[PDB]
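What follows is a single structure, written as structure tokens, with notes after it.
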Amino acid sequence: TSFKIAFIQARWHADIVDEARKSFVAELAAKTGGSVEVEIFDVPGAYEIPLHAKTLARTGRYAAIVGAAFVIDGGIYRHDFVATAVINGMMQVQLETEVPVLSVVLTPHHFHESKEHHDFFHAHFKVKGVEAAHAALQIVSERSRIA
Amino acid sequence: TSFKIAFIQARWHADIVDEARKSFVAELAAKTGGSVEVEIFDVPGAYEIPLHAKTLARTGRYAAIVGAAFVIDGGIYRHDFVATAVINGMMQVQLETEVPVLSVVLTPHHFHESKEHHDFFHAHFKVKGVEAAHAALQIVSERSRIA
Amino acid sequence: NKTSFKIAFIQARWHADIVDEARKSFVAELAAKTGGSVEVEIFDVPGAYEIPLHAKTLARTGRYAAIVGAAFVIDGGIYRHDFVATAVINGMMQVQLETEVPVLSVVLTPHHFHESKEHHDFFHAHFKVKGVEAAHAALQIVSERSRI
Amino acid sequence: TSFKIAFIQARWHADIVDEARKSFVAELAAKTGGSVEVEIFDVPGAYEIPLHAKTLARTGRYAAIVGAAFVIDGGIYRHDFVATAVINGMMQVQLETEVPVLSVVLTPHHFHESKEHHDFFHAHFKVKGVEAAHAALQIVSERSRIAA
Amino acid sequence: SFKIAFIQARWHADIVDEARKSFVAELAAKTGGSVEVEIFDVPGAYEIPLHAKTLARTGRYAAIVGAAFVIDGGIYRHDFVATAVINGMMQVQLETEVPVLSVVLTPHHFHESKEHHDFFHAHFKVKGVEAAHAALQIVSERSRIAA
Amino acid sequence: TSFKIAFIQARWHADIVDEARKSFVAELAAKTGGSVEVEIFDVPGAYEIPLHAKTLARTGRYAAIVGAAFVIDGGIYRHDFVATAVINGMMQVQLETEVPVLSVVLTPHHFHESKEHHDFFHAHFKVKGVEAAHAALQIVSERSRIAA
Amino acid sequence: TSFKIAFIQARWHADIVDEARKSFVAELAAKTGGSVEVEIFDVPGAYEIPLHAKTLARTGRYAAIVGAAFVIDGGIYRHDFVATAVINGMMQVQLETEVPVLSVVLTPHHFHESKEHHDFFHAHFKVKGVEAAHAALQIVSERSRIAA
Amino acid sequence: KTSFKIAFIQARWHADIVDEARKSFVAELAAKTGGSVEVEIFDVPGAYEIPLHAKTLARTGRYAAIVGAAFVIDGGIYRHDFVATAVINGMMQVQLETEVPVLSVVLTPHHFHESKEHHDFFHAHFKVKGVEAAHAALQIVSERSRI
Amino acid sequence: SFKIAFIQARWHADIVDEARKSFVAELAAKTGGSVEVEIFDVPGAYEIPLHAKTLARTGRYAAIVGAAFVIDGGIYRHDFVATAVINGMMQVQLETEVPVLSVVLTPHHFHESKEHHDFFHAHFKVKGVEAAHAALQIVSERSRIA
Amino acid sequence: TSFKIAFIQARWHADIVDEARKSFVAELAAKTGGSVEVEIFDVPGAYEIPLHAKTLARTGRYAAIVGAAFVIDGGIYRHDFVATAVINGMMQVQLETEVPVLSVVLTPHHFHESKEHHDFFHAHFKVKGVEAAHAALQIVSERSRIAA
Ligand code: NA
Ligand code: NA
Ligand code: NA
Ligand code: NA
Ligand code: NA
Ligand code: NA
Ligand code: NA
């Protein structure tokens, strides 16, 4: 049950993005006891995630890859174009590399820099992190059942 | 056993998704008498269907692959990005392996985890499962009729 | 002074009453304009989602100089259609670039459409137009690709 | 210097899309004086452009391709699904043939077959034609430049 | 040390420029001027993907930057092109393995009024800097993996 | 058993608005044997309906008023503002005057001056006009019942 | 005590609207065993509800008024204008006459005339009817509380 | 030949265009009523200042009909609809009040980015609307008189 | 002394209450129990305007507060009622010349989940506070005039 | 004699709204040789503006009233309902009192409390504040011209 997962996280909204990484690694290492090794990679923005996901996936060292990012409507420029390119990007990379890439690259309906908002997500990203972990494990497992 | 069908269903909303998987398997039997055997593969979320579809398709074991998941606007984050990446992804995967990927990866216009809503889709997926069942039998047939 | 070829008309079983209208119409014009010179072979596919692949499978047989995907992709009020429509409209596009075999789209998505004598009648009738057009488009693009 | 440009135009809304073409041609005529040859290629709809461009692009005959079409919202069926596939498609081709495919496949925000509207674009497509020409000349030279 | 291909659309130069100007500037300041930044002018954003691909493919750049101000013209629908482009780069960078940072911004609103114009003229300087801080960021991070 | 009805119709899209007026004016006669008279008042556009209805209603000669217009989205300027002000306007006038004011001030989801469109509504307003006709006899008679 | 309620309902979609009416009257009885008298009034469509409600409220005979109608997006014309005018009407009327006018004039997000939807709303209206009853007994009570 | 006075209230905003409607308005009326119909202009800050002016003017009884003219565009910075509504509704409210026809040439275009082409188009198109307003002006004034 | 009328819709009571309780809490605080907040329960938001009126007319209240959680249920449109209400209070207050504050909130998103319910249960307290501060401020400001 | 203007500014977003006010007063001060007395009235939110506006308008003390507030999409609850009631309110009021009520109750399209944002509008409200001043004076003037 020993396998490596590459956790790529955007440097943006790190205060929140990290809560997921932390929760993720937590949940993981807390159901694998170090068996599942979570390597962590920092990328500038969500947009730099996919390629990174590919390069890492091609090393063949990871049984799964995790893209973590908080893609928000910055209020100034449109996020969805990237948001799309990134969700598609990963999807493409996993179909290319045959390496599961889970998406914890979330985009909320709303989110204006402010406490009320920030808090909520800083919190909720911990749930996603967990969920991610379970998902990371479940898929890597199910994949083995097949092969 | 004339032919196999991989039914890849997501974990989320299994309460409802299951309703479609159950009616899908049932109909195949009602229509084929067990001639066609359906094999169920569980996966975390809809996002893991494409690759799982790819992987399975490529084994050549199945004459068709069904992807089922209830992808809804999850109150907090946008669902599109994922859904699109999924519906498109399967489309990609079938065009790539020439193995039909039927989609039962539905996205309702509205859905608030409420009694009314839940019971509607719990009831509806049954319908959608019976249709997918028929669709499969058909497209599978139609295709053999081609070569 | 007549050249001939084969067209593969793929149509989704959903809304057949309406879709058929395009098919029947598509076929009728090519009969008027080509008088059998151009043969239209019809393939029934479940949903619009089942078109891109069938089209690719058929286009690769090289028997056809053009594939036609006819489908009435609607917003059923229950689930979102666009995800699939997209996948399909894109899908055919992908196929044609992959097989360099023209795949015309008669896979239409109305802005609004509630089951009803008024709506149904409208498209039932309108698909007859969209079918003729598809014909002239089929002929037009097939001939043009030949010139090359 | 001299090179050839393949101009692919959809037959729909000819009166308008034609304007862009004429402008395109004239501009280049001016800016190159018979040096740059623009080969016109008709195609039924915008959907028919991608593949077409893909086919011409592969001949290596053209230094750049230009898809021209006025894709609007017909008011009956959603257009975008197509516009998307077309705008994405041409991109798909240029990226896979490394042949610049300039886009003059414009999609107005609003456009009911009215006088005002028709006259506006019929007029505006002329401006678009010129830009396309410059964009053409510019992208063609900028490439051969980063190629030396 | 390394080189970066900065492909900028000619449209909305007064603005896009401000982004390039600060990009090159930041890199000089941050790399003591050890990172060569080659500038490439393309007609419009739609022309960027291909140019990124050709340059990227030359294997002369550690990363590529696509800069363009793709706004809603008011006459025609931009998002189509916007998407084609933002996607393209994504496509291209996976294809090439060369990272393509995006400074192809599509503001929510922009009517070329004094207020507006000056606003993005100012912001693109900011955006150009982040681009710089993202380029070095990604290029570094990558090699780190390559060792 | 008899009473008068004020039929206020916008002059825009008479061709379509008319089909309703005619349906209405006939359906009534053909169901009250000319007992009920329908008086037609032309007015420029929908916007000019509310006030007209108020003025007419206040004369107390009509048992009810019917505003009929085709408030389309011209594609140039936004129709909704007027549309809102009008549907609300008639609602306002009918509450003031306590005289029914049926609304055949329809706003289609789409309408581009096209054959298909124009025909569809030309045919529909006929229907909508009959309904309004019944709704009139209904509400009038009904308010009468509640009175006694 | 013995007070009366004016239940105004449109004909359109009676099959569904009625369930609410029935649920309302039934359940209302069940909580009042006939103490509260529910007087039903038929009106063509939602648009004629405000006025009727007004006229009826003014009689002073009712302690509350209920508006029942299913204002759907017919798919052809925009409903919201009316939907609005009507919800605002009842609102206006209740403010103008200080006679509670509860709204069971529901406009669902999606509803394309099919068995799917029909059944759901034919059934759900039964709920909205029960709630409407409670809402009525509640407001009529809480109001008379303020009387003391 | 009948003769009546009309009060044309125009918002000073975008007079570049609104003026075109005013001119063609008076133009037509001249040409169509040989001067028997007097149009009296009233300048007002913004569209929002029309309803009140309309009412003030209406109450005098000197006008058979009032015309509110203004181009209420989407500034691109603040939402214009809130105002557009109050004004279009206000004029409605006022005409209902005074029972003096208040025609609306307070147009709100779908798109408008102070382009040269946009500006030319509307500078051009208002002429039409202005005329159309004149016709309706005579139209309703005459139709009311007959009561 | 002066008293305020708090008209609270019952739907989503759990969430609205916080606003109420919080409102009353802050109000008594900033005014050492000198202000009497009269709570009036009412079915749904739609019933808030008329009540706010019937009360406003009594003369008894210095200001009225409509409180409700107008959500997009996912089945029928809310905006219609929401508007009619938010407009209604606005109207009733111009009629009665009695401040009527709005704590009739319509969240951008709210799907009956634990996260949402939890968030808003909290936020409505923050709102009740602001409601109190406004009530005082405007009740004050109005008297600062006349 | 002398004249005053009632400037009702909402407490929220003072940093920004204040600019509109300061420059509003600044301009009028200039343009009227200081003969205008711009009385400031603070109010919790934009919602409390209408009533204040009416209360103040009735006094007859002011020749014009200005409502100022920065109503935005707070990302949590919807603003538009309130924004509407406000913009409408002021309109309702001035029509009632026949006292010009100018609106500096601006709602921007996007405003995520960021630096670039906060600064933009802080700088902008200065402008709008001046616009409002030139408007206030312009209308007061204009009306002063009407009554002969
Ligand atoms: Na399917
Ligand atoms: Na086609
Ligand atoms: Na181009
Ligand atoms: Na250069
Ligand atoms: Na109610
Ligand atoms: Na008019
Ligand atoms: Na208007």
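Chains as they are written, first to last, in the authors' numbering: chain C, 11 to 121, 121A to 121C, 122 to 154; chain D, 11 to 121, 121A to 121C, 122 to 154; chain E, 9 to 121, 121A to 121C, 122 to 153; chain A, 11 to 121, 121A to 121C, 122 to 155; chain B, 12 to 121, 121A to 121C, 122 to 155; chain F, 11 to 121, 121A to 121C, 122 to 155; chain G, 11 to 121, 121A to 121C, 122 to 155; chain J, 10 to 121, 121A to 121C, 122 to 153; chain H, 12 to 121, 121A to 121C, 122 to 154; chain I, 11 to 121, 121A to 121C, 122 to 155.
No residue lacks a Cβ here, since even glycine has one placed at the ideal position from N, Cα and C.
Min CB distance residue i to chain F below 8 Å
| i | result |
| --- | --- |
| E/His131 | yes |
| J/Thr11 | no |
| J/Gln104 | yes |
| J/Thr69 | no |
Nearest-angstrom Cα separation, counted from residue j out to residue i
| i | j | result |
| --- | --- | --- |
| B/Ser113 | C/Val92 | 9 Å |
| D/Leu61 | C/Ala143 | 14 Å |
| D/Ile97 | C/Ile82 | 23 Å |
| A/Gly77 | D/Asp90 | 30 Å |
| A/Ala154 | A/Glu108 | 12 Å |
| D/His141 | D/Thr42 | 10 Å |
| B/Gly55 | B/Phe128 | 18 Å |
| I/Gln104 | F/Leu105 | 23 Å |
| E/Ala130 | E/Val27 | 10 Å |
| I/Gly99 | I/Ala20 | 15 Å |
| G/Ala139 | G/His120 | 22 Å |
| C/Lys32 | C/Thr11 | 21 Å |
Short Cβ contact (8 Å threshold) for residue i with residue j
| i | j | result |
| --- | --- | --- |
| B/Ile59 | B/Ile18 | yes |
| G/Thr69 | F/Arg150 | no |
| D/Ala67 | D/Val115 | no |
| I/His121A | C/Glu123 | no |
| B/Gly136 | B/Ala63 | no |
| J/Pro110 | J/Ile146 | yes |
| G/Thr117 | H/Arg88 | yes |
Beta-carbon separation (whole angstroms), residue i vs residue j, contact threshold 8 Å
| i | j | result |
| --- | --- | --- |
| H/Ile15 | H/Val46 | 6 Å |
| H/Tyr57 | H/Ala95 | 7 Å |
Neighbour flag for residue i against chain I, beta carbons, 8 Å
| i | result |
| --- | --- |
| C/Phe121 | yes |
| C/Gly84 | yes |
Closer than 8 Å to chain E by CB, residue i
| i | result |
| --- | --- |
| D/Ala40 | no |
Closer than 8 Å to chain C by CB, residue i
| i | result |
| --- | --- |
| B/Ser45 | no |
| H/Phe128 | no |
Chain G within 8 Å of residue i, Cβ atoms only
| i | result |
| --- | --- |
| E/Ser148 | no |
Cβ of residue i within 8 Å of any chain B Cβ
| i | result |
| --- | --- |
| A/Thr117 | yes |
| A/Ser113 | yes |
Below-8 Å beta-carbon distance, residue i vs any chain D residue
| i | result |
| --- | --- |
| C/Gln145 | yes |
Contact with chain A by residue i, beta-carbon distance below 8 Å
| i | result |
| --- | --- |
| E/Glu108 | yes |
CB contact below 8 Å: residue i versus chain H
| i | result |
| --- | --- |
| G/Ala16 | no |
Q | the segment 66-75 of chain J / the segment 36-43 of chain H touching (three or more Cβ pairs under 8 Å) | A | Output reads no: the segment 36-43 of chain H does not touch the segment 66-75 of chain J.
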